[PDB]
Every structure is written in structure tokens, then in C-alpha cells.
């Protein structure tokens, strides 16, 4: 839907980029996310990313792809990426890809910010 089928929300808290997702995260949609995020990383010195999946309706391997791509971006700058408000459906995919061994998970945004020494 031109972001309907998804809805991306971004906010920088000092050196941290928060990405809040609402909708389905698939090939079509994960490409748009990638475009907006990589765009913010070029324009600002972002060290950490927090990904709020609380309102996420769906996710496929296209969702894992864009997440790892973002982690490698964050990895080089010596940062951390934290996902929060993850539903079981989505948590499951993190278990197969073994994405967890590289991405910290938290209950909500506040605990993700605490994990990044911001709060």
C-alpha cells in the first residue's frame, strides 16, 4: 500500500535510532524499511538501533534479511541492536535463523533503552 501494508516510524535519541513497525514485514515492505533506515544512517551518526515490533502483523525471511543488514551496519560502529515487543510468531523466526545469538531481545522499548545505557 505504499506503506499501508506497513508503517514505519523513526526517532533518534542521541546516538540511537528507534524503529517502530506496524503491519506486515515481507519482501516488498522490508525493502522500503531498508531504504529509510540506511538513509538515516548516512545522514546521522547512529550507534544503536532499537526495533519495536509491538504492532507487527507478519514477518517473513525478508524481515530477517533487513534486520541482519542493519546489524552489520551497527556492528562496525561498535553498537548494539535491540528488538522489543516481539510476538511469539516473530520470536520463532529469530530462533531458527539463530538471529538471537546476534540480536538482544527485550520486553518493551524502555527495557531496550536501558540495555543501551540510555535510560
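Residue numbers count along the first chain shown, from 1.
Asks: Per the entry, where is the mean C-alpha temperature factor higher: 35-43 or 82-90?
Replies: Here the higher of the two C-alpha B-factor means belongs to 35-43.
Asks: Check the entry's C-alpha temperature factors for 71-79 and 54-62, then say which stretch has the higher mean.
Replies: Looking at the recorded C-alpha B-factors, 54-62 comes out higher on average.
Asks: If you check the C-alpha B-factor for each of 107, 96, 16, 19 in the entry, which is highest?
Replies: When the deposited C-alpha B-factors of 107, 96, 16, 19 are compared, 96 is largest.
Asks: Using the B-factors in the PDB entry, rank residue 115's C-alpha atom against the chain and give the third, lowest, middle or highest.
Replies: CA B-factor rank for residue 115: lowest third.
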